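Report on one structure; see the data block that follows.
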Amino acid sequence: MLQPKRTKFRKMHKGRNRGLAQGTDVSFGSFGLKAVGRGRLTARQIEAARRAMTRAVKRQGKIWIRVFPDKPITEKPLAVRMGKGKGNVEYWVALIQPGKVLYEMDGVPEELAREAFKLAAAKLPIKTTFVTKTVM
Amino acid sequence: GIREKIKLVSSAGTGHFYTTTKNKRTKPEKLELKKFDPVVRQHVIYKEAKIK
Amino acid sequence: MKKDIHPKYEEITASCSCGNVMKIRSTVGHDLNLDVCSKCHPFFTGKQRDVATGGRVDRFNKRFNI
Amino acid sequence: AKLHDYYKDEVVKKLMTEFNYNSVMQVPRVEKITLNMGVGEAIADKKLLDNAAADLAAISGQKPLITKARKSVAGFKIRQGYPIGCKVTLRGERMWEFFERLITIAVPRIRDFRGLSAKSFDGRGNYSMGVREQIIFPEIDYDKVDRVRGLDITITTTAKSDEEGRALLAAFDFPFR
Amino acid sequence: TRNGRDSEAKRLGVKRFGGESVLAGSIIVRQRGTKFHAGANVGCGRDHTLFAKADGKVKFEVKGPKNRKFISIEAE
Amino acid sequence: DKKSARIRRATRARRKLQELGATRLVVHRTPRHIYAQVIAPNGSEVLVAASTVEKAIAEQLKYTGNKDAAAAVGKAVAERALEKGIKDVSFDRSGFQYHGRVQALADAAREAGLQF
RNA sequence: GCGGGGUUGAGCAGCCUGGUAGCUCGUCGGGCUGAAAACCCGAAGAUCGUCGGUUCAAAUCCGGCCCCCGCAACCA
RNA sequence: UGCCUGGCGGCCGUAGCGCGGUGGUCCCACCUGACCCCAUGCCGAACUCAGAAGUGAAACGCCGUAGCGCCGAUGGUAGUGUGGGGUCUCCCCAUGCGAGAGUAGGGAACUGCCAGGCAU
RNA sequence: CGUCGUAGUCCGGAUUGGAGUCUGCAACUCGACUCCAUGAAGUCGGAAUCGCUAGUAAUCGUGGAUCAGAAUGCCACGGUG
RNA sequence: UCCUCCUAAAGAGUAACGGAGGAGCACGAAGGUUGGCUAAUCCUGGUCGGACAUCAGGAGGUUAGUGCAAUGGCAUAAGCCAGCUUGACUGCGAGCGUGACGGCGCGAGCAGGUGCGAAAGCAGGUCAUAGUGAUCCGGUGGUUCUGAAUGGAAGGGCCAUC
RNA sequence: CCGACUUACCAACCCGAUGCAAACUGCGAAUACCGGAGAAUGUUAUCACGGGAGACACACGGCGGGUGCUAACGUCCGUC
Ligand SMILES: [Zn+2]
């Protein structure tokens, strides 16, 4: 489960998730899984998807992960009132905007990549699509 | 706040005095400066004395 | 240089063991007698044979013969 | 003065012909000789730092500069501003006199001396060599010294490359190997 | 928690903007460092405050090799 | 490097003179020659300029790079300024120490009539 | 949720204004006894609970964490 | 009025580095010497004085060069003031403003006053 | 008789390098001795403990058995005491 | 109670038991002026010397430093070194900033006298922002200002201060 | 003492490519705010002084957010 080794500050504001994404194109591999929706991917979701797609491709080829969960999400303990300061960090997320390529993969066939990305996408909250590397 | 305050009495014989602070543990020697004395309108030597 | 902060420094005469006399300026004040100079030290003739590598077979042959 | 004029005629001719220099000023020359004496033990005792200053003044006829720690370091338990060394800078006439005195008296008296090292030229023609005992300088009195110290000589020259500085030092019959 | 403290606002910022006619001695900007540097007819106070020394209109300009912002008082 | 250090030394007093809007007398000192000029408060145009490379001032001197030469050029620049009505200026040492040749030029200009 | 604590194998001092680690029992090697205790002599030992941070330097100072001991968890 | 050099600016990288070449009649720099003026927490290195035997080697100036730094459109994108709408965590429509990054490209500065040297 | 003058020393000889002698078919593991160079620890010894009542203790050499060579051990012998 | 950043929506201001840290001091030089200087870190060479002491050269260009937290500054250095000194003066202040107010803050310049510098000039504390307590009552020094018939005095006022 | 090679191991600095930041900025709007000039419109709508107040529990909706579960007809600000 990916999480930052160190951080400048422990807690971070809730924020907003407006705008479009930056990593629109497949940069390293030959196939990518692009998000068409909007939301936040937790570390557990990223780990589960990575395990699913690695097992699916039987540890062949190479796999990149273009996202990293760096936003700390807090929540208050069970049965406490609304004040008394901010809650304790429980998990980490990565804000996702539409068009963001989450994972990349090469070294395996096309249809095998299709099946691996489908199995991976089946464990994610946001809606995804399959994209291939394009010249220029 | 180990730095305690003192007064600099004029040497001109007038009762005029300035006031400041000093660290009596590391500077035991008395303070002497030339300051303006507005009664005689001249810069005279002021000597450190007990604040009382 | 400053006037008085420095040590006394003037001309002397140094005479080597090999008779090579040199006139130089130093702080000794009195004259000086050298036991080895640069022109007499064995770094041209003595320091060649100093390796003392040694031979085992020539030495063996020297001790006895057949 | 002897090595100075010796340089001004013989060394300049030798370098001009063996390096094919176009200008006389391109020929390397020695600018300064620094004499450092790192006294780490001075933190424990001040009575042995003025002694080191005295014998350095005896060796080269200048009152040395009592250097101080640039930055605090715990590994040697010193704080910034502590005096831990003494140095001397030699330029011009005094530099030439000390150079001739060293090359003709000091180095032949080094115990088990078998030649210096030609691999101490710092890659930019500035040679630096260290002596193990200060008794090689006849200015000091052997019986009246209290502890055997040591120093390090640094010969700073204007030579850009490494072979130019080596050739310049060799032209004065330096005892390399 | 241990995060309840804060300090009172210092009311900094530019008090007279460019092309404004001001009287001598009036504060132009209250700053912390020397974000704006004093030009002609503008002095720098104890806390780096730039103040007009003569009546006129405020002039902002970028000058120097370091691209520093200077404030001067144009003649009027 | 030395020239850069000298410019760095002078560039504080030059800004102060400009801020005070004073017409300044700049002196430039080289080993063989010495130069002097009085520059207007805007700093972009000079008013009078005297220097030892000028033949008219050079031919009366044994060597152009000594104290007497400095005194001569200082007196010359002072006379030219007074002739043109400029009499109240500020002296700009231009990074050199106010001693020797620069001090010689300054007191010569002072006794010659200039005010600084 | 709040105060105190974590130190040679065990029980414990001192962490003092951050440069410096001490006691008893225990342990090791000789001595006494025929032998084992008791006794005598000489030795040794610690990364001061974990991890970040400010210093030239943290067992000491700061913040988070784990364990142990008390205190409180009431009006309905 | 043409070239070169020095001083003070305007402007603050299209003006700055790097590579190669080039400059000494004058100027500038390194250079020679240090009782004196003055100076080194030691040192004529710096600072200072008295000078011209040598060299443009270093530095500095000039010229050439796109390996960088730097500037940079047009068009598109993001954001947004006003009014309206939706599937309302976020978007879309009418209208006005319109980036940043990147692309083609530009680019080895330009200019004012004074003085000196060489030619007209 | 001379020298050393309270020192790690002209005390002490360990350790190590080079060159040898003798015995024995054969001195590497693993003999004794010699020459040159080297000169550790040691400055009278904690708790404790041993021998000795007269030619004894202490101290200084000499011989023998074993044995081709190989004792600071053992068994004897005398000198001072 | 006070200071620094964010929350704070590109002038100012702006709340929560919101997110993070500090202050209740220090300095007779660590202040003023004149003159001078440039770090951090790394590479190479060098006696003890070691990853790290001091020396020489190079790369680098402020990633360093500021008496202390953070932010904004700083090469003309506000950072570092040396000489001389008390402007850490007295009475004032055109004109502004920020406050409901009490108040707090910036300020050229005038008069007297002073320090540094040859001089133009700079200096009314410290690179700036925390380092703090209104009033009453009482203490000390100065000043005929006042002084209950008059002359004093006590007490009170004013100035400096606890 | 020097060292000897290679080992499905980790990895500083630098170079190329790709993201993230409220407490990061070599860039950077729309708005908003201050000032100057002009015309039209508005029952001076603006400011100063004096007499009298009330109010200092706010609510929801849009936009920008903190906190909460990007929960609440939740809570706290800015603006309409
Ligand atoms: Zn000789």
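Hydrogens, waters and symmetry mates are skipped; everything else that's a heavy atom, side chains included, is used. Proteins get letters first, then strands, A, B, ... in listed order; numbering begins at 1 in each.
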**Item:** E:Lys53/F:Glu19 ion pair, N-O < 4.0 Å
**Value:**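 Here E:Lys53 does not pair with F:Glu19 in a salt bridge, since their nearest N and O are not under 4.0 Å apart.
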**Prompt:** Along nucleotides 14-22 of chain H, 5' to 3', which nucleotides get a B, which get an S, and which get a -, given that the test is a protein heavy-atom distance under 4.0 Å?
**Reply:** ---------
**Request:** Indicate the ring-plane relationship of F:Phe91 and F:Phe116, choosing parallel, tilted or perpendicular according to the 30° and 60° boundaries.
**Result:**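 Ring orientation, 0 to 90° scale: parallel.
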**Asked** Once the angle between the rings of D:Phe121 and D:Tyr127 is folded into 0 to 90°, is it parallel (under 30°), tilted (30 to 60°) or perpendicular (over 60°)?
**Response**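 Tilted: the ring planes of D:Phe121 and D:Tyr127 meet at 30° to 60°.
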**Item:** side-chain hydrogen bond (donor to acceptor under 3.5 Å, both in side chains) pairs, two or more places apart, involving residues 34-49 of chain F
**Value:**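 Pairs touching residues 34-49 of chain F that pass the test: F:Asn42-F:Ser44.
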Length of the line joining [X]:[atom1] and [N]:[atom2], which is rounded to integer Å:
X	N	atom1	atom2	result
B:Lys50	J:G141	NZ	P	17 Å
B:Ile45	J:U114	CD1	P	14 Å
D:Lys32	J:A56	NZ	P	5 Å
E:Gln31	J:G97	CD	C1'	14 Å

**Prompt:** Do any of residues 96-103 of chain F sit with a heavy atom less than 4.0 Å from RNA chain H, and if so which?
**Reply:**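 Those residues whose heavy atoms fall under 4.0 Å from RNA chain H, taken from residues 96-103 of chain F in numerical order, are F:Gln97, F:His99, F:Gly100, F:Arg101.
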**Request:** Note down whether K:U43 puckers north or south, where north is a positive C1'-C2'-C3'-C4' and south a negative one.
**Result:**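 South, since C1'-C2'-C3'-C4' is negative for K:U43.
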**Request:** Classify the sugar of H:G56 as north or south, using the sign of the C1'-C2'-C3'-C4' torsion: positive means north, negative means south.
**Result:**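 It's south.
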**Request:** Assign each of A:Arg6 and D:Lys71 to its nearest nucleotide of RNA chain G by heavy atoms, then name whichever residue's nucleotide is nearer the 5' end.
**Result:**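 With A:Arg6 and D:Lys71 compared, the 5'-side residue is A:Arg6.
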**Request:** Take D:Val73 and E:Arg2, find for each the nucleotide of RNA chain G with the closest heavy atom, and name the residue whose nucleotide sits nearer the 5' end.
**Result:**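 Between the two, 5'-proximity favours D:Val73.
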**Request:** With a 3.5 angstrom cut-off on both distances, give the Watson-Crick or G-U wobble partner of H:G96, or none if there isn't one.
**Result:**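 The base-pairing partner of H:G96, which may sit in any strand shown, is H:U80.
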**Item:** Heavy-atom side-chain proximity of D:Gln62 to D:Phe98 below 4.5 angstrom
**Value:**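 The answer is no, as the side chains (C-beta and beyond) never meet within the 4.5 Å cut-off.
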**Base pairing of J:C96 with J:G105 (Watson-Crick or G-U, both distances under 3.5 Å)** =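 When the criterion is applied, J:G105 and J:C96 count as a base pair.
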